[PDB]
>>> print(open('data_16.txt').read())   # compact mmCIF, N, CA and C atoms
# COMPACT_ATOMS: atom_id res chain seq x y z
N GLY A 1 -8.41 -9.55 2.72
CA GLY A 1 -7.40 -9.00 1.82
C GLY A 1 -6.31 -10.00 1.50
N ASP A 2 -6.70 -11.22 1.17
CA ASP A 2 -5.74 -12.27 0.84
C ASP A 2 -5.08 -12.00 -0.51
N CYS A 3 -3.76 -12.15 -0.55
CA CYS A 3 -3.01 -11.93 -1.78
C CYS A 3 -3.18 -13.10 -2.75
N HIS A 4 -2.79 -12.89 -4.00
CA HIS A 4 -2.91 -13.92 -5.02
C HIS A 4 -1.56 -14.60 -5.26
N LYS A 5 -1.50 -15.90 -4.97
CA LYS A 5 -0.28 -16.67 -5.16
C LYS A 5 -0.09 -17.06 -6.62
N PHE A 6 0.87 -17.94 -6.87
CA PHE A 6 1.14 -18.40 -8.23
C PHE A 6 -0.13 -18.89 -8.91
N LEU A 7 -0.26 -18.59 -10.20
CA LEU A 7 -1.43 -19.00 -10.96
C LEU A 7 -2.70 -18.41 -10.37
N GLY A 8 -2.60 -17.19 -9.85
CA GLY A 8 -3.75 -16.53 -9.26
C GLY A 8 -4.15 -15.28 -10.01
N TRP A 9 -5.46 -15.07 -10.16
CA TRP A 9 -5.97 -13.90 -10.86
C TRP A 9 -5.36 -12.62 -10.30
N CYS A 10 -5.15 -11.64 -11.17
CA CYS A 10 -4.57 -10.36 -10.76
C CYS A 10 -5.23 -9.21 -11.51
N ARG A 11 -5.46 -9.40 -12.80
CA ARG A 11 -6.09 -8.37 -13.63
C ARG A 11 -7.40 -7.89 -13.00
N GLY A 12 -7.40 -6.65 -12.53
CA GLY A 12 -8.59 -6.10 -11.91
C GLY A 12 -8.58 -6.22 -10.40
N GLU A 13 -7.90 -7.25 -9.90
CA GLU A 13 -7.82 -7.49 -8.47
C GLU A 13 -7.41 -6.21 -7.73
N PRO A 14 -7.79 -6.12 -6.45
CA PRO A 14 -7.48 -4.96 -5.61
C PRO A 14 -5.99 -4.88 -5.27
N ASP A 15 -5.44 -6.00 -4.81
CA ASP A 15 -4.02 -6.05 -4.45
C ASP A 15 -3.24 -6.88 -5.46
N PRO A 16 -1.93 -6.60 -5.57
CA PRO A 16 -1.04 -7.31 -6.50
C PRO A 16 -0.79 -8.75 -6.07
N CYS A 17 0.18 -9.39 -6.71
CA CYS A 17 0.52 -10.77 -6.40
C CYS A 17 0.92 -10.91 -4.93
N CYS A 18 1.24 -12.13 -4.52
CA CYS A 18 1.64 -12.40 -3.15
C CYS A 18 3.08 -11.96 -2.90
N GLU A 19 4.02 -12.74 -3.42
CA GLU A 19 5.44 -12.43 -3.25
C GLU A 19 6.27 -13.12 -4.33
N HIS A 20 7.30 -12.43 -4.81
CA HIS A 20 8.18 -12.97 -5.84
C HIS A 20 7.37 -13.43 -7.05
N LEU A 21 6.29 -12.72 -7.34
CA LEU A 21 5.43 -13.06 -8.47
C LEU A 21 5.10 -11.82 -9.30
N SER A 22 4.83 -12.02 -10.58
CA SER A 22 4.50 -10.92 -11.48
C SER A 22 3.22 -11.22 -12.25
N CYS A 23 2.24 -10.32 -12.13
CA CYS A 23 0.97 -10.49 -12.81
C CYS A 23 1.17 -10.65 -14.31
N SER A 24 0.91 -11.85 -14.82
CA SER A 24 1.07 -12.14 -16.24
C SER A 24 -0.24 -11.92 -16.99
N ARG A 25 -0.21 -11.01 -17.95
CA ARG A 25 -1.40 -10.70 -18.75
C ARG A 25 -1.63 -11.77 -19.81
N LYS A 26 -0.54 -12.31 -20.34
CA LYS A 26 -0.63 -13.34 -21.37
C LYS A 26 -1.44 -14.54 -20.88
N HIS A 27 -1.20 -14.93 -19.63
CA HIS A 27 -1.91 -16.06 -19.04
C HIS A 27 -3.11 -15.59 -18.24
N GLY A 28 -3.03 -14.37 -17.72
CA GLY A 28 -4.13 -13.82 -16.94
C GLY A 28 -3.97 -14.09 -15.46
N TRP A 29 -2.74 -14.33 -15.03
CA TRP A 29 -2.47 -14.61 -13.62
C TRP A 29 -0.99 -14.39 -13.30
N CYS A 30 -0.68 -14.29 -12.01
CA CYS A 30 0.70 -14.08 -11.57
C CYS A 30 1.54 -15.32 -11.83
N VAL A 31 2.82 -15.11 -12.13
CA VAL A 31 3.74 -16.21 -12.39
C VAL A 31 5.02 -16.06 -11.58
N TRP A 32 5.82 -17.13 -11.54
CA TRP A 32 7.07 -17.12 -10.80
C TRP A 32 8.04 -16.10 -11.39
N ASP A 33 8.75 -15.39 -10.51
CA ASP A 33 9.71 -14.38 -10.95
C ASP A 33 10.90 -15.03 -11.64
N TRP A 34 11.62 -15.87 -10.91
CA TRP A 34 12.79 -16.55 -11.45
C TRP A 34 12.44 -17.28 -12.75
N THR A 35 11.22 -17.82 -12.81
CA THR A 35 10.76 -18.54 -13.99
C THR A 35 10.70 -17.62 -15.20
N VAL A 36 9.70 -16.75 -15.23
CA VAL A 36 9.52 -15.82 -16.33
C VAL A 36 10.81 -15.04 -16.61
>>> encode(input="data_16.txt", output="C-alpha cells")
Amino acid sequence: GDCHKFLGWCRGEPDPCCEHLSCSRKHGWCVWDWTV
C-alpha cells in the first residue's frame, strides 16, 4: 500500500497522494501543494 509521491499516478489509484500533494488531472499525477 505504498503512497504516490510527486509526479506519481493517482487517477484510479486505490490510495491518494503521499503528503502535501494534490492529484492533478491536467498532468495525470500528484503535484506539490505550495507549487500549484
>>> residues_around(input="data_16.txt", residues="residue 3 of chain A", least_positions_apart="4", cutoff="6 Å", atoms="all atoms listed in the file", output="compact mmCIF listing (two decimals) with N, CA and C atoms, keeping the file's coordinate frame")
# COMPACT_ATOMS: atom_id res chain seq x y z
N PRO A 16 -1.93 -6.60 -5.57
CA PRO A 16 -1.04 -7.31 -6.50
C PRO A 16 -0.79 -8.75 -6.07
N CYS A 17 0.18 -9.39 -6.71
CA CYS A 17 0.52 -10.77 -6.40
C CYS A 17 0.92 -10.91 -4.93
N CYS A 18 1.24 -12.13 -4.52
CA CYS A 18 1.64 -12.40 -3.15
C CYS A 18 3.08 -11.96 -2.90
>>> atom_distance(input="data_16.txt", atom1="atom CA of residue 34 of chain A", atom2="atom C of residue 9 of chain A")
18.6 Å
>>> atom_distance(input="data_16.txt", atom1="atom N of residue 35 of chain A", atom2="atom CA of residue 14 of chain A")
23.8 Å
>>> residues_near_point(input="data_16.txt", point="(-8.5, -10.4, -15.5)", cutoff="10 Å", atoms="only C-alpha atoms", output="NGL selection string")
:A and (8-13 or 23-25 or 27-29)
>>> write_last_selection(input="data_16.txt", atoms="N, CA and C atoms", output="PDB file, keeping the file's coordinate frame")
ATOM      1  N   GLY A   8      -2.600 -17.190  -9.850  1.00  0.00           N
ATOM      2  CA  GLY A   8      -3.750 -16.530  -9.260  1.00  0.00           C
ATOM      3  C   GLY A   8      -4.150 -15.280 -10.010  1.00  0.00           C
ATOM      4  N   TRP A   9      -5.460 -15.070 -10.160  1.00  0.00           N
ATOM      5  CA  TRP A   9      -5.970 -13.900 -10.860  1.00  0.00           C
ATOM      6  C   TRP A   9      -5.360 -12.620 -10.300  1.00  0.00           C
ATOM      7  N   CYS A  10      -5.150 -11.640 -11.170  1.00  0.00           N
ATOM      8  CA  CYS A  10      -4.570 -10.360 -10.760  1.00  0.00           C
ATOM      9  C   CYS A  10      -5.230  -9.210 -11.510  1.00  0.00           C
ATOM     10  N   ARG A  11      -5.460  -9.400 -12.800  1.00  0.00           N
ATOM     11  CA  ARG A  11      -6.090  -8.370 -13.630  1.00  0.00           C
ATOM     12  C   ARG A  11      -7.400  -7.890 -13.000  1.00  0.00           C
ATOM     13  N   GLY A  12      -7.400  -6.650 -12.530  1.00  0.00           N
ATOM     14  CA  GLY A  12      -8.590  -6.100 -11.910  1.00  0.00           C
ATOM     15  C   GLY A  12      -8.580  -6.220 -10.400  1.00  0.00           C
ATOM     16  N   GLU A  13      -7.900  -7.250  -9.900  1.00  0.00           N
ATOM     17  CA  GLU A  13      -7.820  -7.490  -8.470  1.00  0.00           C
ATOM     18  C   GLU A  13      -7.410  -6.210  -7.730  1.00  0.00           C
ATOM     19  N   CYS A  23       2.240 -10.320 -12.130  1.00  0.00           N
ATOM     20  CA  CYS A  23       0.970 -10.490 -12.810  1.00  0.00           C
ATOM     21  C   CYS A  23       1.170 -10.650 -14.310  1.00  0.00           C
ATOM     22  N   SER A  24       0.910 -11.850 -14.820  1.00  0.00           N
ATOM     23  CA  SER A  24       1.070 -12.140 -16.240  1.00  0.00           C
ATOM     24  C   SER A  24      -0.240 -11.920 -16.990  1.00  0.00           C
ATOM     25  N   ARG A  25      -0.210 -11.010 -17.950  1.00  0.00           N
ATOM     26  CA  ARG A  25      -1.400 -10.700 -18.750  1.00  0.00           C
ATOM     27  C   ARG A  25      -1.630 -11.770 -19.810  1.00  0.00           C
ATOM     28  N   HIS A  27      -1.200 -14.930 -19.630  1.00  0.00           N
ATOM     29  CA  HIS A  27      -1.910 -16.060 -19.040  1.00  0.00           C
ATOM     30  C   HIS A  27      -3.110 -15.590 -18.240  1.00  0.00           C
ATOM     31  N   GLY A  28      -3.030 -14.370 -17.720  1.00  0.00           N
ATOM     32  CA  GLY A  28      -4.130 -13.820 -16.940  1.00  0.00           C
ATOM     33  C   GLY A  28      -3.970 -14.090 -15.460  1.00  0.00           C
ATOM     34  N   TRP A  29      -2.740 -14.330 -15.030  1.00  0.00           N
ATOM     35  CA  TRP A  29      -2.470 -14.610 -13.620  1.00  0.00           C
ATOM     36  C   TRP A  29      -0.990 -14.390 -13.300  1.00  0.00           C
TER      37      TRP A  29
END
>>> atom_distance(input="data_16.txt", atom1="atom CA of residue 36 of chain A", atom2="atom N of residue 22 of chain A")
8.3 Å
>>> axis_aligned_box(input="data_16.txt", around="segment 24-34 of chain A", padding_each_side="5 Å", output="lines of an AutoDock Vina configuration file")
center_x = 4.3
center_y = -14.0
center_z = -15.9
size_x = 26.9
size_y = 16.6
size_z = 20.9
>>> select_by_dssp(input="data_16.txt", residues="chain A", states="strand (DSSP E)", output="list in words")
residues 21, 22, 23, 24, 29, 30, 31 and 32 of chain A
